[PDB]
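# Reading the structure
Residues per chain are reported as follows:
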Amino acid sequence: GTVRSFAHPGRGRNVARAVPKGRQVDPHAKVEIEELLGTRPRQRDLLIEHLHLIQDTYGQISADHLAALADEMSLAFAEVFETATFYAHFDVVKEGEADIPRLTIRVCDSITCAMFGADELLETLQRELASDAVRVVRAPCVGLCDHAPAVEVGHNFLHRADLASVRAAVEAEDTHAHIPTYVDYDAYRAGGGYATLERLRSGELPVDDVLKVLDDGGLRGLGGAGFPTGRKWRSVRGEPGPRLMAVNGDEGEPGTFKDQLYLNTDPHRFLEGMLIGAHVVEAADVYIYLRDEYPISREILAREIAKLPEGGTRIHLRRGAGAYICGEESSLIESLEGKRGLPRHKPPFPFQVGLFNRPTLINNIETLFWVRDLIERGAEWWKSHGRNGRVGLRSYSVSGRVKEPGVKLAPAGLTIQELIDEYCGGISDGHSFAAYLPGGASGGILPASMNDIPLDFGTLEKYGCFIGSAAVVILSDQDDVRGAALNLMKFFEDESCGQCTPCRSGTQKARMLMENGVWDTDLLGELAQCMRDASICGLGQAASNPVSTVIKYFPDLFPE
Amino acid sequence: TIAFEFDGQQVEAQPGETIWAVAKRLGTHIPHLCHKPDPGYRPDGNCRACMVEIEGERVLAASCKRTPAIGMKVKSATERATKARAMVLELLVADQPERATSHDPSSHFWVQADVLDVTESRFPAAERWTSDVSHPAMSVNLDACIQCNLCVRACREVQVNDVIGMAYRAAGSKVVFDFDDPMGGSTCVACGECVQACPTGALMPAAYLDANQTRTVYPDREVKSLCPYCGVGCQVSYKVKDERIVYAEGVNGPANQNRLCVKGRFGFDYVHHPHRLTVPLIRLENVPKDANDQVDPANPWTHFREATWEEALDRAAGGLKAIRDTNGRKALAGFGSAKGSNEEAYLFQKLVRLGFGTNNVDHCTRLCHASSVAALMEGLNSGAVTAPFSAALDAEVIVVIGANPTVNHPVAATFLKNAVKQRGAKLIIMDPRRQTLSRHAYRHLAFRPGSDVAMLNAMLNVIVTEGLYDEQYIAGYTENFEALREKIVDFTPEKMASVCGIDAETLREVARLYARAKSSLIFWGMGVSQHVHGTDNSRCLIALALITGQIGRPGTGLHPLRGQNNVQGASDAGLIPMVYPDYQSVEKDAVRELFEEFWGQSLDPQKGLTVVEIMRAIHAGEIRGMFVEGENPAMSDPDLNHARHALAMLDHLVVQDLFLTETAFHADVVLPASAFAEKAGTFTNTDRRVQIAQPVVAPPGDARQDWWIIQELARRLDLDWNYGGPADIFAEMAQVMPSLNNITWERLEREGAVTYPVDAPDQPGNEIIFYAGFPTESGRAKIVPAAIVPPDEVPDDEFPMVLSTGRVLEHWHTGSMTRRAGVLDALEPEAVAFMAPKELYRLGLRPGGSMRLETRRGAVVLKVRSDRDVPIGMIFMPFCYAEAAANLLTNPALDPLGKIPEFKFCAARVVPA
Ligand SMILES: Nc1nc2c(c(=O)[nH]1)N[C@H]1C(S)=C(S)[C@@H](COP(=O)(O)OP(=O)(O)OC[C@H]3O[C@@H](n4cnc5c(=O)[nH]c(N)nc54)[C@H](O)[C@@H]3O)O[C@H]1N2
Ligand SMILES: Nc1nc2c(c(=O)[nH]1)N[C@H]1C(S)=C(S)[C@@H](COP(=O)(O)OP(=O)(O)OC[C@H]3O[C@@H](n4cnc5c(=O)[nH]c(N)nc54)[C@H](O)[C@@H]3O)O[C@H]1N2
Ligand SMILES: Cc1cc2nc3c(=O)[nH]c(=O)nc-3n(C[C@H](O)[C@H](O)[C@H](O)COP(=O)(O)O)c2cc1C
Ligand code: SF4
Ligand code: SF4
Ligand code: SF4
Ligand code: SF4
Ligand code: FES
Ligand code: FES
Ligand SMILES: [W+6]
């Protein structure tokens, strides 16, 4: 009794809360995630791997499971949510939202596959096969440009896909990766493999002889930047230990597919060069960051790594979740630490402050692939190759309007005419050479009149271009040059990490300005200068190259 | 210093200084959006509006982010840099809503755009997210967001409330709460830090916008004052429009550094509530007094009639004087306020001791930290904290026991979280309940309620036996350690693990971690002190600090948190029965004669009664008249049935309050006083910081200043007082308070805050004390061993549940102020109690359902909230709800020494309702 009550106006809102503020962890969800995790650690740097485990187990990441994961790892809700939503392959489903269909089909819509009708193919598959159990979505370049158009069914990538073959895969439940035959651990050792690494560990081959061969060899970074490898290995060594190593296998530049070829044919050649560099800089752990779109490579590496002897360096294999920006070395570091892939500011530089704020060595897959050959055959053998005054060997990923697309292992410094005619079989019939992209999406667009420029590190900077990862895309007369520029801008608009204004907003405004029929080339000129000068990282600094070069070198397309 | 060249001039830069800071110090202002030059905000360098040109670099550099180096050459006026900054601003302007009708047309963004002559964009607009007005205090309109991340930094690194994140990618990057949930239904605690940080108006106080999310209300003036609620002592800037406070912002005070909590930022509204008393009231000479009496504050004419100030003052003083001159001087008592100023407390205790002629003066400190104070005086001969809460940043190990600082001292808790996040401090929480802070704790010990002594004695046993103590400190600065070494034998972790519920390995690990650290700091609160054995718990904590030497150095010491905004200052002014001002004992002849010469009147030499003793004496008919100012014992006293009986038994009760509170129901005369925001005076915070308050607005109607009312009562009690105002009172107090040496009203006005004790009028005060010994007779602290004592009332088959009482974030004590503040009322509208979900399942209840709570002393009915932080076998309930008053059930049994009731433990039964 004794109602007493209270004259305070809260009686209008007088419904209170049945639970504390915010969403609440479900006891049933906690048990399910705890068994799913098992004996795995709960450190922050395993967050993305744990997100993969939930998405693969259930086909989606429900808010119930996500909330349970945060409680397990002692993280806040916004911490796990902001991380998961960064990556394109994670589907977060909140309460009352539609579930993700069991099977997902992804149609590449990047530059090379679009030239072979990917836009119509995606429309057909959405009209034909999309249902309550099949979902059809666009995807950026999946490193299959020489087999365009490329479509992924589950984990199974289809070469030269069409309506009939894609429907065959769905009916046959052919949704898994097809592992090919490759050079395995025993065949590698029968060919003298790992002998060079053994000499290094014992001490018969001095570390100083490895660096001398690299510096005299002139090996340069094949990830695109071209920094000399021997000079980079020395710098990481100079810093106080402990030291770490990470391999960049996030091959995401549209038109680049060379790294996939070497992983799927001779994995142990890559693994030896990685282990040699790890010994030179005395790195205990090596992290391998492999892109999500390479399921065949992921399976091949997992088996071969398990075949290695009990060495002094532990190998960690990590898996991406779909982000082009994660190839940038500092953004790759943030992803390995379990966070959003946002590039860091410099200074300091990654070789001084990197993974877990330790001196870290980052190398591309192809750069480490050639380390064994450069030592066992000498620096003189490497420098014997080259044309037009340039020195070295290069692997050009060539696609487009050529008869024989693929990876060409050709001398550095060739011209596009020489590359097309001496290694690609020439322009395909019913087409005439019109334009080419020397460095993939970010390298600019050039007319066929400029077919006499050697393609090498540092030679394209005169014309506002760069070789990058040597992704060469060939265009013909039946290829809108301004349409190609809009495709690249749409790629950069989607792939921007969103950190800084010139890139996050500049790519959006540039895309909207290019979809009008008459480009305001003066306003686009001023915008391009701002993005080059003020963007934080390489993506924003190069996103305006396709617009800038098309305006400059194709004057006949823009009426006054 | 790092000397370099800036814009063609030779300059020198201090270490750890950015190019933007150098240019600003030298007068050259560079535009900035994502950089906020205020403490705690690390530059991020993402908006790119501050770009400068550095010679020998390919691209431009962010001046707010880069520090200069020897030989560098920086240029900011070049066409490249100016063009880039202008283009960044133009890109941002493209997406902004139209300025004249925007959410803040005078935002920092628009001022920066004005400086750069950018008013329109050549770039097309994009349609962004919609408005979110789910939270009653703040409004979210992300169509004006520029993605600067200042709110993310505010929530995650400054406050570390961990609510906001930046979720998606590219131009779709979006500020989100939790899983992109509405703000009103998220984990947001409404501290408002993000609102203060945001430069665009995307986040605003809801009171500034109309129904269309435009046209920020524009205050006429801003006044700098303090927060009226808790002992942290935040400095606040009140925004006033049409003589009404509409909003409040944080100020760079030494305690808070621009940070606030929800009560400080949004809880100012109670001063304008329609229930504010405006005229004196006199009880009608027809209505009897009853314990179950009820008066409607909106309509008090059922029991009262309004009176002139002269008539009401005459009635109050005449009743008191008649009781004094007929029944004797010991038949009177007074309850002062810990929420008033130091000057008002001094005048109140002077009034009691001279007009009433007795030492029966006390306040809520008797219910707060009496046992802790008793233990500390027995040990160190002092009751003060030995370090401020900001010393947590220098502490390797931080211990929080029996305190819930993220609810009851939130700004100090933000500094603790800063220590954990940025300095690697290891936090150990000892509390039967898990808390929001527990996720950051290195260890959370969740021992059984009432068993502090067992766990602390096990830790002391581990330290003593394994030889982890500081022998050098013990031999030289303490005494009586041999007694402890002898006593502690029977308190091994193996025996005590079952008693405390914490495994022996955890106890050993925590003891080693505390003893071996370079610096350890202990905080404790009501969970330790509010038991019949609270003095034992405090003795254990003091022994832990003494034997390991973790006291008297930076990052070390003992900090029992001060609850009310001015409990420390009221205690210093002598508003307690056993001492004169500055803790001078009323029993010593020398002190009594000094004060008899100072005040010119003989004084009673016997010690007074405490709050609970006073209530007992009222219930027995020994005390006849009472004067109460700024206290609500009809809700805050234990065992409210008998307490209200005692209050209704009085011959004459005078109440000086802001509203017709539950205590004022039984009053004979009610005198309307002025709130904190209407007065001037000095207030002392938990860190011994004396700070000055300023009047923001005027009192409503005919309400008067508290000091003026006390002066009127004294004058009618045959005392010749003539004080101009608080400053004169301060001078008189400083004449007899040596702790105020070198602190004056002028210095306080000029600086705003001074820490005592201080040795010069130009030097800062001593934050750390006891570095050279203790103010004992021999200069050494005495170790007093403790023994296990059971709670007064323990559960049985009749009453099987353990009942504990405490506080919630949005409400204050009895609810007299916070339930009259609109935002706080909206956040917590109904009376609720907390219980573990498994207990709800076992008892047959559902979340949000009603239940009947019963002890041997009373019964209530209220709603139930399911909470996984509450242990099995416990029910937790705040005492701020008049419809279900928690103190109707509590045990009035007292600690034998501290004389504090056992609010934190009693036996209850729960049934569905
Ligand atoms: N929002 C808000 N803030 C306030 C106040 C308010 O009313 N509202 N009041 C102010 C005042 S005057 C004061 S004194 C302070 C009080 O501040 P706190 O000391 O934080 O107050 P409580 O929440 O009562 O603290 C009790 C804590 O001890 C735990 N506990 C319960 N039983 C035991 C036990 O046997 N042993 C131990 N070791 N712990 C136990 C409880 O579960 C809870 O975590 O807060 C001040 N700040
Ligand atoms: N069950 C249980 N009981 C408890 C506690 C507990 O934890 N559990 N805690 C105990 C503790 S630690 C404390 S401090 C006490 C607090 O007990 P109280 O101090 O009685 O609580 P308040 O609600 O603050 O008291 C009435 C308030 O009205 C306002 N007010 C009244 N008159 C005036 C006036 O003239 N001027 C101004 N400016 N304001 C005025 C002030 O806010 C004043 O403090 O409660 C104690 N009781
Ligand atoms: C936007 C962006 C994307 C990149 N993507 C890749 C990539 O997919 N693979 C790669 O090896 N390097 C990539 N890089 C280069 C790396 O940041 C880094 O320079 C490289 O891995 C170093 O390779 P190296 O050690 O062989 O020189 C990218 C750089 C940028 C700015
Ligand atoms: S340039 Fe683009 S990708 Fe690089 S940090 Fe800025 S927004 Fe992110
Ligand atoms: S008001 Fe405070 S708790 Fe709420 S989102 Fe803003 S910073 Fe975080
Ligand atoms: S809400 Fe305000 S502070 Fe937060 S990112 Fe947007 S503009 Fe910046
Ligand atoms: S922490 Fe305490 S002093 Fe600061 S604003 Fe909140 S209630 Fe007021
Ligand atoms: S695979 Fe479609 S463009 Fe590379
Ligand atoms: S203010 Fe320096 S980059 Fe935003
Ligand atoms: W208190």
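Residues numbered from 1 in each chain as written, not as in the entry; some residues may be left out. Chains lettered and ligands numbered in written order. Heavy atoms only, no water.

Method information in the entry identifies cryo-EM as the source of the structure, with 2.19 Å recorded as the resolution.

Under the PDB entry, the name given to chain B is Formate dehydrogenase, and the organism recorded is Methylorubrum extorquens AM1. According to its PDB record, this entry is titled "Cryo-EM Structure of Formate Dehydrogenase 1 from Methylorubrum extorquens AM1". Its UniProt record gives chain B the following Sequence similarities (unreviewed entry) comment, quoted word for word: "In the C-terminal section; belongs to the prokaryotic molybdopterin-containing oxidoreductase family." (UniProt positions renumbered as here; feature names shortened; annotations may be inferred.)

Looking at the PDB entry, one finds chain A named Tungsten-containing formate dehydrogenase beta subunit, with Methylorubrum extorquens AM1 as its source organism. In the Cofactor (unreviewed entry) part of its UniProt record, chain A is described as follows: "FMN". We quote the UniProt Sequence similarities (unreviewed entry) comment for chain A here in full: "Belongs to the complex I 51 kDa subunit family."

On to the overall build of chain B. A tally of regular secondary structure across chain B gives 29 helices and 39 strands. C-alpha extents for chain B along the principal axes are approximately 90 × 70 × 65 Å. Put simply, chain B has 913 residues, and 65% of those count as buried. Of the contacts formed within chain B by residues at least 6 apart in sequence, a portion of 71% connects residues at least 24 apart. Here chain B has roughly 31,900 Å² of accessible surface; of this, 50% comes from carbon and sulfur atoms. If you average the places of the 92 positive and of the 112 negative side-chain charges in chain B, the two averages end up 4 Å apart. (Helix = DSSP H or I, 4+ residues; strand = E, 2+ residues; numbered from the N terminus. Buried < 20%, exposed > 50% of the residue type's maximum accessible area, 1.4 Å probe, protein only. Contact = heavy atoms within 4.5 Å. Areas by Shrake-Rupley, 256 points an atom, 1.4 Å probe, with all protein chains shown as cover. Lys, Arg positive; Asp, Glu negative; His and termini not counted. Charge placed at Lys NZ, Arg CZ, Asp CG, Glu CD.)

In this section: the sheet that holds strand 6 (residues 156–158) of chain A. Residue and element names in this part refer to chain A. What the 4 strands build is an open sheet, ordered 4-3-5-6; its pairing is mixed. Edge strands, defined here as strands with exactly one partner in the open sheet, are strand 4 (134–139) and strand 6. Across the sheet, the mean angle from the axis of one strand to that of its neighbour is 20 degrees, orientation sign disregarded. Sheet strands in contact with helix 7 (residues 163–171) are strand 3 (103–108), strand 5 (151–153) and strand 6, and its direction is about 15 degrees off that of strand 5. (Pairing = 2+ DSSP bridges. Axes fitted to C-alpha atoms, helices over the stretch in contact; angles between N-to-C directions.)

This next bit is on helix 6 (residues 118–128) of chain A. Residue and element names in this part refer to chain A. What helix 6 keeps buried is the set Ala118, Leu121, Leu122, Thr124 and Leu125. For helix 6, the angular spread of the buried residues around the axis is 165 degrees, confining them to a single face. Facing away from the buried side of helix 6 by more than 90 degrees, the exposed set consists of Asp119 and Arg127. Turning to helix 6, the residues buried within the fold contact strand 3, helix 5 (111–115), strand 4, strand 5 and helix 7. (Arc of directions from axis to C-beta.)

This part is about the UniProt feature "binding site: FMN" (unreviewed entry) in chain A. Residue and element names in this part refer to chain A. Using the residue numbers shown here, the UniProt feature "binding site: FMN" (unreviewed entry) corresponds to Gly223, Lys232, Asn248, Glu251, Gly252, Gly327, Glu329, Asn363, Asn364 and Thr367. Their sequence span is 145 residues, while the largest C-alpha to C-alpha distance among them is 23.1 Å; these annotated residues do not converge on one region. Relative to the helices and strands, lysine 232 resides in helix 11 (residues 229–238). Ignoring any residue separated from it by four or fewer positions in sequence, one finds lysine 232 in contact with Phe227, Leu361, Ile362 and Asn363.

As far as domains go, chain A holds domain 1 (27–93) and domain 2 (103–172). The gap between the C-alpha centroids of domain 1 of chain A and domain 2 of chain A is 29 Å. (Domains from an automatic or database assignment.)

Time to look at the sheet that holds strand 10 (residues 360–364) of chain A. Residues and elements named next belong to chain A. Read from one edge to the other, the open sheet built from 4 strands follows the order 9-8-7-10, with strand pairing classed as parallel. With partners counted over all chains shown, the strands left at the sheet margins are strand 9 (314–319) and strand 10, one partner each. Going from strand to strand, the sheet's axes swing by 20 degrees on average, the running direction of each strand aside. Here strand 7 (residues 243–249) runs beside strand 10; their pairing, made up of 5 bridges, is parallel. The residue bridging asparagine 248 from the neighbouring strand is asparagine 364, located in strand 10.

With that settled, the discussion passes to the packing of helix 22 (residues 521–534) of chain A against helix 2 (residues 79–95) of chain B. At their nearest, the axes of helix 22 of chain A and helix 2 of chain B sit 10 Å apart, and the two run at 105 degrees to each other. With respect to each other, helix 22 of chain A and helix 2 of chain B are oriented roughly perpendicular. Here A:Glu526, A:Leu527, A:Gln529, A:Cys530 and A:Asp533 of helix 22 of chain A come into contact with helix 2 of chain B, specifically with B:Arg80, B:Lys83, B:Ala84, B:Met87, B:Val88 and B:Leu91. Partitioning the contact of helix 22 of chain A with helix 2 of chain B into residue classes produces 6 nonpolar, 1 polar and 4 charged. (Parallel < 35°, antiparallel > 145°, perpendicular 65-115°, else oblique. Nonpolar A, V, L, I, M, F, W, Y, C, P; charged D, E, K, R; others polar.)

Enumeration according to the criterion identifies 36 aromatic pairs over all chains in this entry. Each ring, one from B:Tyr473 and one from B:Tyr477, has its centre 5.4 Å from the other, and the planes form 45 degrees; the classification is tilted. Taken together, the residues span about one helical turn, with B:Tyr473 and B:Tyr477 both in helix 14 (residues 471–477) at a distance of 4 residues. With relative accessibility at 32%, the residue B:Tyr477 sits in the partly exposed group. An angle of 65 degrees between the planes, with centres 5.0 Å apart, marks the rings of B:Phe676 and B:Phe683 as edge-to-face. On the basis of relative accessible area, B:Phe683 is assigned to the buried category, the value being 3%. Each residue in the set A:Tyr262, A:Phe369, A:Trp370, A:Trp381 and A:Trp382 is aromatic and connected to the rest through ring pairs, giving one cluster. We note A:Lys462 situated over the ring of A:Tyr463; from NZ or CZ to the ring centre the distance is 4.8 Å. The ring centre of B:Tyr442 lies 4.9 Å from the NZ or CZ of B:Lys426, which sits over that ring. (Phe/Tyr/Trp six-rings, centres within 6.5 Å; stacked < 30°, edge-to-face > 60°. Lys NZ or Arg CZ within 6 Å of the ring centre and 35° of its normal.)

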